[PDB]
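Structure file my_file_34.tsv; described as TSV, C-alpha atoms and all ligand atoms.
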chain	number	residue	atom	x	y	z
A	4	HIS	CA	-9.08	18.65	-62.12
A	5	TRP	CA	-11.44	17.04	-59.63
A	6	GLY	CA	-15.15	17.66	-59.86
A	7	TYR	CA	-18.51	15.93	-59.76
A	8	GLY	CA	-18.67	14.45	-63.28
A	9	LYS	CA	-18.38	10.82	-64.31
A	10	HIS	CA	-14.69	11.09	-65.12
A	11	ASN	CA	-13.55	13.31	-62.25
A	12	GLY	CA	-16.15	12.76	-59.54
A	13	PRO	CA	-16.02	11.35	-56.01
A	14	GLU	CA	-15.11	7.81	-57.10
A	15	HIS	CA	-11.92	9.20	-58.68
A	16	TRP	CA	-10.75	11.52	-55.90
A	17	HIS	CA	-8.71	8.87	-54.09
A	18	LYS	CA	-6.14	8.78	-56.89
A	19	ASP	CA	-4.96	12.33	-56.16
A	20	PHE	CA	-6.11	12.33	-52.49
A	21	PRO	CA	-5.61	8.84	-51.00
A	22	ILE	CA	-7.10	10.01	-47.69
A	23	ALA	CA	-10.44	9.67	-49.56
A	24	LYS	CA	-10.35	6.04	-48.29
A	25	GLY	CA	-9.31	7.10	-44.78
A	26	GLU	CA	-10.64	6.33	-41.32
A	27	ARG	CA	-12.69	9.49	-40.69
A	28	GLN	CA	-14.16	10.58	-44.03
A	29	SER	CA	-17.30	12.66	-44.49
A	30	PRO	CA	-20.17	12.82	-45.13
A	31	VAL	CA	-21.84	9.81	-43.46
A	32	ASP	CA	-25.31	8.41	-43.07
A	33	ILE	CA	-26.75	9.27	-39.67
A	34	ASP	CA	-28.57	6.20	-38.40
A	35	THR	CA	-30.94	7.80	-35.92
A	36	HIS	CA	-31.61	4.64	-33.97
A	37	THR	CA	-27.88	3.92	-33.42
A	38	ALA	CA	-26.81	7.49	-32.57
A	39	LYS	CA	-26.62	7.68	-28.80
A	40	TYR	CA	-27.69	10.60	-26.67
A	41	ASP	CA	-24.62	11.94	-24.89
A	42	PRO	CA	-25.65	13.91	-21.76
A	43	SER	CA	-22.08	15.19	-21.43
A	44	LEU	CA	-22.53	17.28	-24.58
A	45	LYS	CA	-23.23	20.94	-24.00
A	46	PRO	CA	-25.61	23.28	-25.81
A	47	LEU	CA	-24.16	24.80	-28.90
A	48	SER	CA	-23.23	28.45	-28.68
A	49	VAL	CA	-23.75	30.08	-32.08
A	50	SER	CA	-22.76	33.75	-31.65
A	51	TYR	CA	-23.25	35.44	-35.03
A	52	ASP	CA	-24.45	38.92	-33.97
A	53	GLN	CA	-21.16	40.62	-34.96
A	54	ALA	CA	-20.65	38.70	-38.22
A	55	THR	CA	-19.04	40.72	-41.03
A	56	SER	CA	-19.73	39.22	-44.45
A	57	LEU	CA	-17.45	40.30	-47.29
A	58	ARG	CA	-17.94	38.63	-50.68
A	59	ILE	CA	-20.00	36.01	-52.47
A	60	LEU	CA	-18.29	33.95	-55.14
A	61	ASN	CA	-18.62	31.03	-57.53
A	62	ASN	CA	-15.57	28.80	-57.11
A	63	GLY	CA	-16.52	26.25	-59.77
A	64	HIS	CA	-17.74	23.68	-57.22
A	65	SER	CA	-20.22	25.68	-55.09
A	66	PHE	CA	-20.89	29.29	-54.20
A	67	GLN	CA	-19.65	30.68	-50.90
A	68	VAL	CA	-20.09	33.73	-48.73
A	69	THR	CA	-16.90	34.83	-46.97
A	70	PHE	CA	-16.51	36.58	-43.62
A	71	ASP	CA	-13.90	38.66	-41.82
A	72	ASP	CA	-12.26	36.15	-39.44
A	73	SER	CA	-9.36	38.38	-38.30
A	74	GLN	CA	-11.15	38.83	-34.94
A	75	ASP	CA	-13.63	36.92	-32.77
A	76	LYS	CA	-16.79	38.34	-34.40
A	77	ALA	CA	-18.93	35.36	-35.43
A	78	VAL	CA	-17.96	32.29	-33.42
A	79	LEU	CA	-19.08	28.77	-32.65
A	80	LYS	CA	-18.40	27.33	-29.18
A	81	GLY	CA	-19.80	24.71	-26.86
A	82	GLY	CA	-21.42	21.51	-27.93
A	83	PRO	CA	-18.62	19.01	-28.50
A	84	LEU	CA	-16.03	21.74	-29.02
A	85	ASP	CA	-13.14	22.92	-26.88
A	86	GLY	CA	-12.28	26.54	-27.43
A	87	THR	CA	-13.44	29.07	-29.97
A	88	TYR	CA	-14.05	28.55	-33.69
A	89	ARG	CA	-14.36	31.54	-36.03
A	90	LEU	CA	-16.78	31.61	-38.95
A	91	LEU	CA	-14.84	31.78	-42.22
A	92	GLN	CA	-17.41	31.04	-44.92
A	93	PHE	CA	-20.62	29.28	-45.74
A	94	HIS	CA	-21.63	27.42	-48.87
A	95	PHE	CA	-24.13	24.85	-50.09
A	96	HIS	CA	-24.41	21.47	-51.76
A	97	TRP	CA	-27.53	20.72	-53.79
A	98	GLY	CA	-29.13	18.40	-56.31
A	99	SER	CA	-30.66	18.36	-59.75
A	100	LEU	CA	-33.95	17.17	-58.18
A	101	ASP	CA	-35.54	17.78	-54.79
A	102	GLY	CA	-34.87	14.20	-53.60
A	103	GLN	CA	-31.07	14.53	-53.63
A	104	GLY	CA	-28.44	17.14	-52.89
A	105	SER	CA	-27.43	16.73	-49.26
A	106	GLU	CA	-24.10	15.19	-48.28
A	107	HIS	CA	-25.13	13.80	-44.92
A	108	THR	CA	-28.18	11.56	-44.95
A	109	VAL	CA	-30.57	10.67	-42.13
A	110	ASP	CA	-31.65	7.03	-42.17
A	111	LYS	CA	-30.58	7.08	-45.84
A	112	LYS	CA	-32.88	10.05	-46.58
A	113	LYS	CA	-31.29	12.70	-48.83
A	114	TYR	CA	-32.39	16.32	-48.47
A	115	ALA	CA	-32.62	18.77	-51.37
A	116	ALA	CA	-29.53	20.64	-50.19
A	117	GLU	CA	-27.13	21.11	-47.29
A	118	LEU	CA	-25.65	24.33	-45.88
A	119	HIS	CA	-22.13	24.21	-44.40
A	120	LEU	CA	-21.05	27.00	-42.04
A	121	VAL	CA	-17.28	26.53	-41.80
A	122	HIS	CA	-15.37	27.58	-38.68
A	123	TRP	CA	-11.72	27.23	-37.61
A	124	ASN	CA	-10.12	26.74	-34.20
A	125	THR	CA	-8.39	29.97	-33.16
A	127	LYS	CA	-5.76	28.10	-31.13
A	128	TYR	CA	-4.07	27.30	-34.46
A	129	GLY	CA	-3.80	30.94	-35.52
A	130	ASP	CA	-4.86	30.61	-39.16
A	131	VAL	CA	-7.11	28.31	-41.19
A	132	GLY	CA	-4.20	26.81	-43.14
A	133	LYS	CA	-2.66	25.57	-39.90
A	134	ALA	CA	-6.05	24.48	-38.57
A	135	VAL	CA	-6.69	22.17	-41.53
A	136	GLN	CA	-3.59	20.18	-40.52
A	137	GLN	CA	-5.08	19.37	-37.09
A	138	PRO	CA	-7.65	16.71	-36.08
A	139	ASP	CA	-9.63	19.37	-34.24
A	140	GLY	CA	-8.90	22.28	-36.58
A	141	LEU	CA	-12.36	22.94	-38.04
A	142	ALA	CA	-15.98	22.75	-36.93
A	143	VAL	CA	-18.61	22.66	-39.66
A	144	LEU	CA	-22.23	23.32	-38.78
A	145	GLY	CA	-24.35	21.43	-41.31
A	146	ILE	CA	-27.99	22.30	-41.90
A	147	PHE	CA	-30.35	20.40	-44.16
A	148	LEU	CA	-32.64	22.15	-46.67
A	149	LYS	CA	-36.02	20.78	-47.66
A	150	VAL	CA	-38.32	22.30	-50.27
A	151	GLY	CA	-41.48	23.90	-48.90
A	152	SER	CA	-42.00	27.47	-47.75
A	153	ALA	CA	-39.43	30.13	-48.61
A	154	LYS	CA	-36.62	30.96	-46.18
A	155	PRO	CA	-36.67	34.78	-45.98
A	156	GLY	CA	-33.07	34.94	-44.73
A	157	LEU	CA	-31.89	33.14	-47.86
A	158	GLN	CA	-33.48	35.48	-50.43
A	159	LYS	CA	-30.67	38.07	-50.39
A	160	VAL	CA	-28.32	35.24	-51.41
A	161	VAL	CA	-30.62	33.89	-54.11
A	162	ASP	CA	-31.18	37.32	-55.64
A	163	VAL	CA	-27.45	37.94	-56.29
A	164	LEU	CA	-26.63	34.52	-57.83
A	165	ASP	CA	-27.26	35.75	-61.38
A	166	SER	CA	-24.21	38.03	-60.86
A	167	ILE	CA	-21.86	35.10	-60.08
A	168	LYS	CA	-23.15	32.63	-62.65
A	169	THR	CA	-19.78	31.23	-63.74
A	170	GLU	CA	-16.62	30.00	-62.08
A	171	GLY	CA	-14.37	32.85	-60.97
A	172	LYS	CA	-17.08	35.47	-60.54
A	173	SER	CA	-17.51	37.29	-57.23
A	174	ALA	CA	-19.49	40.22	-55.86
A	175	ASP	CA	-19.64	42.40	-52.79
A	176	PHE	CA	-21.87	40.76	-50.18
A	177	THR	CA	-21.61	42.92	-47.05
A	178	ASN	CA	-24.11	43.21	-44.20
A	179	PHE	CA	-25.48	39.68	-44.57
A	180	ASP	CA	-26.76	38.14	-41.33
A	181	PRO	CA	-26.23	34.35	-41.25
A	182	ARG	CA	-28.57	34.04	-38.27
A	183	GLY	CA	-31.38	34.09	-40.84
A	184	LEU	CA	-30.27	30.69	-42.15
A	185	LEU	CA	-30.68	28.82	-38.85
A	186	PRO	CA	-33.62	26.63	-37.80
A	187	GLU	CA	-35.39	27.10	-34.49
A	188	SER	CA	-33.77	24.16	-32.72
A	189	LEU	CA	-30.04	23.62	-32.22
A	190	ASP	CA	-30.44	19.88	-31.49
A	191	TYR	CA	-27.60	18.15	-33.30
A	192	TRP	CA	-25.61	15.04	-34.09
A	193	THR	CA	-21.82	15.16	-33.93
A	194	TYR	CA	-18.94	12.97	-35.11
A	195	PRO	CA	-15.28	13.38	-36.17
A	196	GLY	CA	-14.85	13.65	-39.92
A	197	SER	CA	-13.31	15.41	-42.87
A	198	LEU	CA	-13.67	18.04	-45.55
A	199	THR	CA	-16.10	16.77	-48.17
A	200	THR	CA	-14.03	18.09	-51.11
A	201	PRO	CA	-10.33	17.65	-51.90
A	202	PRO	CA	-8.03	17.68	-50.04
A	203	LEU	CA	-10.49	15.69	-47.86
A	204	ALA	CA	-8.44	16.56	-44.78
A	205	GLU	CA	-9.46	14.76	-41.59
A	206	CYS	CA	-9.71	17.95	-39.55
A	207	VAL	CA	-13.44	18.51	-38.94
A	208	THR	CA	-15.71	18.16	-35.95
A	209	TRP	CA	-19.07	17.81	-37.69
A	210	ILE	CA	-22.16	19.27	-36.02
A	211	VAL	CA	-25.27	18.40	-38.05
A	212	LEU	CA	-28.55	19.99	-37.00
A	213	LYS	CA	-31.54	17.69	-36.75
A	214	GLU	CA	-34.09	20.33	-37.82
A	215	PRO	CA	-33.97	21.23	-41.54
A	216	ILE	CA	-34.76	24.65	-42.84
A	217	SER	CA	-37.43	25.00	-45.50
A	218	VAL	CA	-36.64	26.84	-48.73
A	219	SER	CA	-38.94	27.40	-51.66
A	220	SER	CA	-38.76	25.67	-55.03
A	221	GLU	CA	-37.95	29.04	-56.59
A	222	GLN	CA	-35.01	29.51	-54.21
A	223	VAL	CA	-33.45	26.12	-54.96
A	224	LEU	CA	-34.15	26.52	-58.68
A	225	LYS	CA	-31.87	29.55	-58.58
A	226	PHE	CA	-29.06	27.44	-57.15
A	227	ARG	CA	-29.48	25.07	-60.10
A	228	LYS	CA	-28.96	27.86	-62.65
A	229	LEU	CA	-25.36	28.43	-61.57
A	230	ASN	CA	-22.56	27.09	-63.79
A	231	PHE	CA	-19.58	24.87	-63.05
A	232	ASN	CA	-17.85	26.33	-66.12
A	233	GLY	CA	-16.23	29.73	-66.55
A	234	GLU	CA	-17.54	32.61	-68.67
A	235	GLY	CA	-17.27	31.88	-72.37
A	236	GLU	CA	-17.09	28.08	-71.92
A	237	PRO	CA	-19.68	25.34	-72.58
A	238	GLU	CA	-22.49	25.59	-70.05
A	239	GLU	CA	-22.56	22.74	-67.53
A	240	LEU	CA	-25.13	23.39	-64.82
A	241	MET	CA	-23.87	23.43	-61.23
A	242	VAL	CA	-26.05	20.65	-59.80
A	243	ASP	CA	-25.31	17.50	-57.82
A	244	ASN	CA	-22.20	18.97	-56.19
A	245	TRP	CA	-22.45	16.54	-53.27
A	246	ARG	CA	-20.18	13.72	-52.11
A	247	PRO	CA	-22.09	10.54	-51.14
A	248	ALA	CA	-21.99	9.01	-47.67
A	249	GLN	CA	-18.70	7.34	-46.72
A	250	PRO	CA	-18.07	4.36	-44.42
A	251	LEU	CA	-18.48	5.14	-40.75
A	252	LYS	CA	-15.63	2.80	-39.73
A	253	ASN	CA	-14.59	3.13	-36.08
A	254	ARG	CA	-16.74	6.13	-35.21
A	255	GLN	CA	-19.79	6.86	-33.10
A	256	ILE	CA	-22.34	9.53	-33.90
A	257	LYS	CA	-23.52	11.24	-30.74
A	258	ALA	CA	-26.83	13.04	-30.29
A	259	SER	CA	-27.27	16.19	-28.19
A	260	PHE	CA	-30.92	15.35	-27.56
A	261	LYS	CA	-33.12	12.50	-26.40
A	301	LIG	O1	-17.39	20.78	-49.66
A	301	LIG	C1	-16.91	21.11	-48.67
A	301	LIG	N1	-15.52	21.59	-48.81
A	301	LIG	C2	-14.87	22.26	-47.62
A	301	LIG	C3	-13.64	22.80	-47.96
A	301	LIG	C4	-12.96	23.44	-46.98
A	301	LIG	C5	-13.54	23.50	-45.74
A	301	LIG	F1	-12.86	24.23	-44.81
A	301	LIG	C6	-14.76	22.94	-45.41
A	301	LIG	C7	-15.49	22.23	-46.38
A	301	LIG	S1	-16.85	21.34	-46.06
A	301	LIG	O2	-16.47	19.99	-45.65
A	301	LIG	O3	-17.68	22.10	-45.12
A	301	LIG	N2	-17.58	21.15	-47.43
A	302	ZN	ZN	-19.48	21.70	-47.87
As structure tokens:
Amino acid sequence: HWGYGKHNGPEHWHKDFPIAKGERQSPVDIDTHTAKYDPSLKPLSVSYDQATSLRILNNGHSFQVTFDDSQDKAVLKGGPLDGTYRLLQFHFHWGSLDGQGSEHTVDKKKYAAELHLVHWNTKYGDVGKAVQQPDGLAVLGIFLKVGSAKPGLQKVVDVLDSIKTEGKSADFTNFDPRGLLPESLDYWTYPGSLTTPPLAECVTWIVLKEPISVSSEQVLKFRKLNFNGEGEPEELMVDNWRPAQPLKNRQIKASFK
């Protein structure tokens, strides 16, 4: 029922999901002058060499690439995190125009898109249990700006025409998510939530400072996807981002000076 339209979009979500007005909702604006360097933070450990991708699919809100998380194969550790978080899936949020599309903002600047690499805390055994815990998930967020092409994204872009409509999926094995990362792992971190229903307050957010560049042709392909299912009226999948939410009693910490 929920979506991104005028009658079912983010301003309506609180009716079915009252946590939408909660104390640790995401995304947020990152005020770079107020975020404080925290020397007690550790370097991120992004260990994706053994990642096993499985499928790519259009879920009617985004497209996602899924991974085998039945073993410690692609894991996120370190930084603000305690323990080991397994990569489950990645997906994107993007705009109808290059000046909007990201969920997090940086000094109110919106990027053209935002990549979320979603990981869950193995101490909770499965992702369904993890989402019920304040430290159950860690999402690595990466901004996209439009400029040069990202070679590691092209294999994704080239298969999108096969998952145009909600409910479509395809095999997507042997994809290396390391090709989506920027050079630097400098980051901001804060406690937050899922950015779609159920908006559960279970996420340690880790937002990289360095955006990746993608080409206009790459992002244009995102914008040709459909929110609707096959044989329904075409509504382009664009502007599938939640706007920044109140920071409330939270501090955003920087890993870098
Ligand atoms: O739109 C989003 N929906 C999600 C849904 C489930 C998650 F586990 C993580 C996210 S997310 O907060 O990374 N982004
Ligand atoms: Zn997301």
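Compared by their closest atoms to residue 89 (chain A), and using all atoms listed in the file, the residues A:129, A:155, A:8, A:21 rank with A:129 nearest.
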Item checked: Contacts to ligand LIG 301 (chain A) at 8 Å cut-off (all atoms listed in the file) as a ChimeraX atom specification -> /A:29,65,93-96,119-123,131,135,141,143-145,197-203,207,245-246
Draw an axis-aligned box tight on the listed atoms of region 94-110 of chain A, then pad every side by 5 Å and write out centre and edge lengths in Å to one decimal as AutoDock Vina command-line options.
--center_x -28.6 --center_y 17.2 --center_z -50.9 --size_x 23.9 --size_y 30.4 --size_z 27.6
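If you measure from each of A:124, A:105, A:137, A:48 to residue 204 (chain A) using all atoms listed in the file, the closest one turns out to be A:137.
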Next item on the list: Rounded to one decimal place, report the CA of residue 196 (chain A)-CA of residue 26 (chain A) distance in Å.
Entry: 8.6 Å
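Atom pair CA of residue 188 (chain A) / CA of residue 81 (chain A) has a distance of 15.2 Å (rounded to one decimal).
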Counting only C-alpha atoms, note down every residue that has an atom within 7 Å of the point (-27.4, 19.6, -31.2) (file coordinates), as a compact mmCIF listing (two decimals) with C-alpha atoms, keeping the file's coordinate frame.
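Done, and the output landed in part30.txt:
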# COMPACT_ATOMS: atom_id res chain seq x y z
CA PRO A 46 -25.61 23.28 -25.81
CA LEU A 47 -24.16 24.80 -28.90
CA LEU A 189 -30.04 23.62 -32.22
CA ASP A 190 -30.44 19.88 -31.49
CA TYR A 191 -27.60 18.15 -33.30
CA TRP A 192 -25.61 15.04 -34.09
CA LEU A 212 -28.55 19.99 -37.00
CA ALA A 258 -26.83 13.04 -30.29
CA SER A 259 -27.27 16.19 -28.19
CA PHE A 260 -30.92 15.35 -27.56
Which residues are near residue 53 (chain A)? Cut-off 12 Å, only C-alpha atoms, ignore same chain within fewer than 5 positions. Put them as a compact mmCIF listing (two decimals) with C-alpha atoms, in the frame of the given file.
# COMPACT_ATOMS: atom_id res chain seq x y z
CA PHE A 70 -16.51 36.58 -43.62
CA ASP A 71 -13.90 38.66 -41.82
CA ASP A 72 -12.26 36.15 -39.44
CA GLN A 74 -11.15 38.83 -34.94
CA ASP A 75 -13.63 36.92 -32.77
CA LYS A 76 -16.79 38.34 -34.40
CA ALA A 77 -18.93 35.36 -35.43
CA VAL A 78 -17.96 32.29 -33.42
CA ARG A 89 -14.36 31.54 -36.03
CA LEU A 90 -16.78 31.61 -38.95
CA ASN A 178 -24.11 43.21 -44.20
CA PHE A 179 -25.48 39.68 -44.57
CA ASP A 180 -26.76 38.14 -41.33
CA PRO A 181 -26.23 34.35 -41.25
CA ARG A 182 -28.57 34.04 -38.27
Check: What is the distance, in Å and to one decimal place, between CA of residue 116 (chain A) and CA of residue 40 (chain A)?
Finding: 25.6 Å
